[PDB]
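Data first, discussion second: the structure below is written as structure tokens.
Protein chains: 2
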Amino acid sequence: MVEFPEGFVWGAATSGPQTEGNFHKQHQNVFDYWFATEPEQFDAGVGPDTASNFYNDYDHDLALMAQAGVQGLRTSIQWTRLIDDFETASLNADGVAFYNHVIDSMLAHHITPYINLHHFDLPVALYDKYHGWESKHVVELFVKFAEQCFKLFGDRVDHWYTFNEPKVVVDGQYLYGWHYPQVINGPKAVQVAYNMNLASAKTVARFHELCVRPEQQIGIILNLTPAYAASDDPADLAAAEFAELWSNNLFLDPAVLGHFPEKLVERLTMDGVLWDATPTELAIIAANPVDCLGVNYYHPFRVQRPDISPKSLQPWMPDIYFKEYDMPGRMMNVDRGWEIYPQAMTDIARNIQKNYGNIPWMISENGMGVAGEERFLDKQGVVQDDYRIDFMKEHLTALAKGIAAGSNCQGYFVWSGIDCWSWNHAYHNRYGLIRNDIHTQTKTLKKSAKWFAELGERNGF
Amino acid sequence: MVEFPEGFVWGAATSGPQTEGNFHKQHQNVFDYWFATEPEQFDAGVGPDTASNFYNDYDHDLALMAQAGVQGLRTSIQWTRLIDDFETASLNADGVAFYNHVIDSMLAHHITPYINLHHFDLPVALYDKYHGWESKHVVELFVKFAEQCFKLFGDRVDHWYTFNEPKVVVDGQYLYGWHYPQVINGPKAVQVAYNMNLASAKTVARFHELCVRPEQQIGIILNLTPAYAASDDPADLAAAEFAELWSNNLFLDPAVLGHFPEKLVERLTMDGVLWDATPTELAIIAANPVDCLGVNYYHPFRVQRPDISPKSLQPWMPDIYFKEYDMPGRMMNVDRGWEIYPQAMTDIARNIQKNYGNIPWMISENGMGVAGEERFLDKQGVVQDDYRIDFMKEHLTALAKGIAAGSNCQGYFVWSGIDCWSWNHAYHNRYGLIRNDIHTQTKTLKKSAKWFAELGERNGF
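Sequence lines, in order, name chains A and B. Residue numbers for the first sequence follow my numbering, so the first one is 3 and each next one is one higher. Residue numbers for the second sequence follow my numbering, so the first one is 3 and each next one is one higher.
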């Protein structure tokens with residue numbers, strides 16, 4: 003009744019830092035150091051030190067995912083686990099063997115590997131010495147690590163991503179306190195946004211110098227939630243105009259089009275907060291767009307005019323141009339605080355089709371978190387997460403309309419395969435097709451797991 | 003008519019245990035303990051205790067070798083002579099002065115030193131306390147002894163080798179009974195082959211930190227005799243392949259390529275006998291391959307299908323995959339029991355050139371042993387060893403063919419310069435350019451010594 007293109011990929015998504023645990027990891031990333039120093043900042047005091055025990059139990063974990071119908075799995079390689087000395091990108095022998103072990107086990111369980119290079123997990127030592135992503139030297143070090151990933155694992159990994167949602171690194175580390183180091187500074191964030199766009203682009207270049215076969219593609223994962231205007235009031239339309247440029251075009255355009263959006267750069271220049279770029283850097287950015295796009299979507303985003311004029315003297319922030327709006331009558335995931343709006347899936351698909359060349363793209367994240375799922379265990383200990391199935395049906399229906407209108411979407415990756423550790427929220431909200439009892443690290447398919455396996459065999463529902 | 007590159011090194015090869023005698027040596031190596039304890043295992047009851055008296059006679063001995071055209075002399079430093087306390091690698095003063103004397107005296111007689119670190123001479127104490135090369139602790143203590151050699155003697159030694167033929171130690175000590183302790187255990191022999199390769203690479207690493215000059219080079223001496231198939235029957239072809247991997251690639255590949263042959267480790271894994279390795283160790287082996295390769299060759303090896311299935315119930319041995327074969331019509335060194343086949347010289351050169359990056363290499367051993375050279379003394383007491391001149395001619399002619407085809411061969415070292423003590427065979431067979439009457443320790447050049455001096459002058463023959 004809803005069916006999908008032949009060859010469509012049914013996947014699941016996570017990341018290294020949210021699954022592995024820190025067993026025998028050489029370097030701390032900012033979240034590791036944050037938890038070691040301020041454990042009260044994490045839900046129920048659970049941090050990343052064990053997470054979902056993937057370091058020790060990867061083989062049986064992937065077998066569970068294979069059962070739940072994961073045809074492709076996307077996760078991340080931790081910089082802080084792979085590299086011995088960051089300056090040289092010398093290899094940690096034990097970390098190299100681990101990722102070999104999980105990739106080979108992925109193939110052995112007939113799971114296609116999708117490898118992201120960075121998922122919010124900057125080595126804290128690089129923040130201490132260079133202030134992290136504010137440093138173009140740190141940009142270069144990232145490329146030397148990416149290069150090592152390609153040479154070690156390129157031989158059996160076809161699908162790569164430079165970054166998961168660099169905007170969340172910019173907002174998290176430099177705007178809103180979400181990530182350690184918790185710096186609050188607009189100008190710095192603007193430079194970090196630039197620097198990560200540049201790092202992503204030099205990585206693609208390096209990747210294209212090292213990639214052999216034509217099946218080898220590299221992309222970027224962005225959240226493409228539209229910024230819907232609260233109303234037709236011109237001030238509200240101007241707020242959406244800027245929120246769209248800042249939250250989506252700031253990364254979409256350089257990655258796909260090769261350039262930053264000109265109206266944004268004009269805005270940042272007038273405000274005196276534009277990044278330091280060089281023409282050589284902008285040229286690399288123009289000449290190495292991504293091969294494909296990963297799109298994350300969970301909940302829509304709406305914007306009205308700001309309470310006060312952006313000319314008011316206040317520290318510069320992108321927020322001086324737009325304020326979040328709560329639509330009366332909205333549909334709500336009440337416990338999570340998120341509006342439900344599958345139509346954005348269709349809007350996103352149209353935007354890519356109309357304005358971004360209909361570049362090959364996938365939904366690389368889509369899912370629904372619920373707290374206390376033990377309340378829905380059946381007799382045999384299987385979570386009855388019909389709500390999670392309803393959520394996928396609604397969004398997959400919206401997706402299919404976008405595809406039917408001609409959008410070049412080639413897969414759908416659920417967040418998440420197994421319940422995983424969600425930064426400071428930890429395991430408050432569960433998203434997986436598979437439950438993790440984190441006290442014993444015992445994992446069990448949910449009802450959605452079976453429905454998703456069946457979805458892949460029918461290629462529809 | 004047969005001509006050699008400009009700069010070709012014409013040398014001779016021995017070892018410390020085969021020449022020095024045990025005068026004032028602090029520790030027993032395994033052969034020392036074996037003879038003191040079962041002299042009846044030794045030809046004519048002759049052990050290592052006097053050998054060719056090189057401890058006492060080194061200066062005149064080297065005068066004689068210079069007369070024979072020895073341009074470079076390869077020999078070894080004995081672990082059991084140099085080191086006081088093995089755990090510390092503290093120094094025995096007499097031993098330190100002894101090797102300083104011989105190195106200074108090589109230089110004074112215009113003989114280039116080529117110092118090997120290990121020639122079958124494990125300290126018996128280290129076998130009793132740790133079971134020798136089975137112990138990774140013994141591996142580290144060897145690195146300490148190597149370190150001492152490099153600091154004490156590296157100011158006037160440019161050319162070093164880690165080991166002479168680890169395979170003979172594996173075979174002798176752990177598979178076939180040739181060396182005390184005469185263990186006969188397949189799986190231990192596998193662990194020992196690994197451990198010794200690991201000791202070599204850790205030594206190369208330690209050497210490249212303590213080497214200054216650019217002409218200081220460290221290599222390893224292997225026997226690269228090809229494993230010729232008895233026939234083109236697929237079973238015989240299969241026996242030769244494993245024979246090749248086991249006898250040659252087991253050491254040639256980690257030493258030069260930085261890794262063990264995939265098909266061999268696949269076989270050892272399947273058979274349940276693979277060594278215990280760590281990722282960190284494997285990385286040390288991958289990062290520290292040799293600068294040079296010393297190549298020993300004496301006589302060919304031919305191989306046929308084993309008589310019974312390798313799946314038969316029997317203790318694991320490499321030999322379950324191959325049986326030696328005698329070819330009808332072979333050219334024989336009848337008394338010694340060895341086939342003569344100089345074409346193998348060309349075959350080794352081709353293999354190094356084609357599959358091992360044409361790494362700098364030398365024939366580090368080639369020669370012919372003959373018993374009862376008294377029968378061939380001329381009226382002035384000079385061995386008329388024309389058979390040894392012929393043997394060298396045939397093998398140099400084949401070597402020249404390998405060089406002309408483009409193989410990076412840089413020297414030819416005769417085994418031996420002076421008749422030396424050949425383990426359990428003691429002095430039964432003589433290899434020298436120079437005779438030793440071992441009763442009086444009186445040395446006398448043979449005819450082949452004169453030929454060898456002309457050879458070095460013409461740079462050919």
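From the three backbone atoms N, C-alpha and C, an ideal C-beta is built for every residue, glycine too.
Opening and closing residue of the beta strand (DSSP E) in which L447 of chain A lies
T444 to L447
Give me the Cα-Cα distance between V185 of chain B and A373 of chain B, rounded to the nearest whole angstrom.
30 Å
In the DSSP assignment, what residue or residues form a beta bridge with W162 of chain A?
A:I117 and A:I220
Can you tell me which of B:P320, B:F324 and B:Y300 puts its alpha carbon nearest to the alpha carbon of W340 of chain B?
B:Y300
Can you pull the chain B residues whose beta carbon is under 9 Å from the beta carbon of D96 of chain A, in chain order?
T280, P281 and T282
So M364 of chain A and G413 of chain A are supposed to be a Cβ contact under 8 Å. How far apart are they, rounded?
4 Å
Classification of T282 of chain A by the beta-carbon crowding that lies within 10 angstroms, buried from 16 upward
exposed
Beta carbons nearer than 8 Å to chain A: which residues of the segment 283 to 302 of chain B have them?
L284 and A285
Straight-line Cα distance separating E459 of chain B from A70 of chain B
11 Å
Within 10 angstroms of the Cβ of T280 of chain B, are there 16 or more other Cβ atoms? Answer buried if so, exposed if not.
exposed
Throw me the rounded Cβ distance for the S54 of chain B and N166 of chain B pair, which I believe falls under 8 Å.
With 8 Å as the limit, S54 of chain B and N166 of chain B do not qualify as a contact, their Cβ atoms being about 17 Å apart.
Close-in-space but distant-in-sequence residues of the same chain around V305 of chain A (CB under 8 Å, 5 per side omitted):
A229, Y230, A231, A232, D238, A241, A242, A245, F324, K325, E326 and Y327
Please list the partners that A148 of chain A has in chain B, where partner means a Cβ-to-Cβ separation under 7 Å.
Going along chain B, no residue has its Cβ under 7 Å from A148 of chain A, so there is no contact; the nearest lies around 20 Å.
Expressed to the nearest angstrom, what Euclidean distance is found between the alpha-carbon atoms of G13 of chain B and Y132 of chain A?
57 Å
The ligand ATP heavy atoms versus the CB of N438 of chain B: any closer than 8 Å?
Annotation note on the ligand ATP: not contained in the displayed structure, which lists no ligands.
What are the residues of the segment 64 to 93 of chain A that lie near chain B, defined by any Cβ-Cβ distance shorter than 8 Å?
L93
Confirm, please, whether the CB-CB distance from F88 of chain B to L119 of chain B is below 9 Å.
no
Using a Cβ cut-off of 9 Å (strictly closer), state whether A110 of chain A contacts chain B.
no
Got a sec? Which residues, its chain only, sit under 7 Å from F155 of chain B by beta carbon, not counting five neighbours each side?
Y101, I105 and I117
Measuring straight from C-alpha to C-alpha, what distance separates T164 of chain A and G221 of chain A?
6 Å
Between the Cα of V267 of chain B and those of B:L259, B:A257 and B:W248, spot the shortest distance and give me the residue it belongs to.
B:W248
At which residues does the alpha helix (DSSP H) containing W81 of chain B begin and terminate?
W81 to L84
Local conformation of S366 of chain B per DSSP, three classes
strand
So, at 6 Å on beta carbons, what are the nonlocal neighbours of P115 of chain A in its own chain, with the 5 sequence-adjacent residues on each side left out?
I105, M108 and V159
Please tell me whether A240 of chain A has its Cβ less than 9 Å away from any Cβ of chain B.
no
Rounded to whole angstroms, what is the Cα-Cα separation between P236 of chain B and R307 of chain B?
9 Å
Using the beta-carbon count (16 or more within 10 Å), is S314 of chain A buried or exposed?
exposed
Contact defined as beta carbons within less than 8 Å: I believe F152 of chain B pairs with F209 of chain B. What is the distance between those atoms, to the nearest angstrom?
6 Å
Tell me whether the beta-carbon of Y433 of chain A lies closer than 9 Å to the beta-carbon of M370 of chain A.
yes
Name the DSSP bridge partner or partners of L379 of chain B?
B:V385
Beta-carbon separation (whole angstroms), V275 of chain A vs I350 of chain A, contact threshold 8 Å:
That belief does not hold up - the Cβ atoms of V275 of chain A and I350 of chain A are roughly 28 Å apart, past 8 Å.
Cβ neighbour criterion (16 or more within 10 Å) applied to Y196 of chain B
buried
With which residues is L457 of chain B paired in a DSSP beta bridge?
Answer is none; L457 of chain B lacks a bridge partner.
Buried or exposed for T90 of chain B, please, with buried defined as at least 16 other CB atoms from any protein chain shown within 10 angstroms of its CB.
exposed
Using the Cα positions of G74 of chain A and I113 of chain A, report the straight-line distance between them to the nearest angstrom.
5 Å
Residues near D255 of chain A in its chain [Cβ-Cβ closer than 8 Å; skip 5 each side]
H261, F262 and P263
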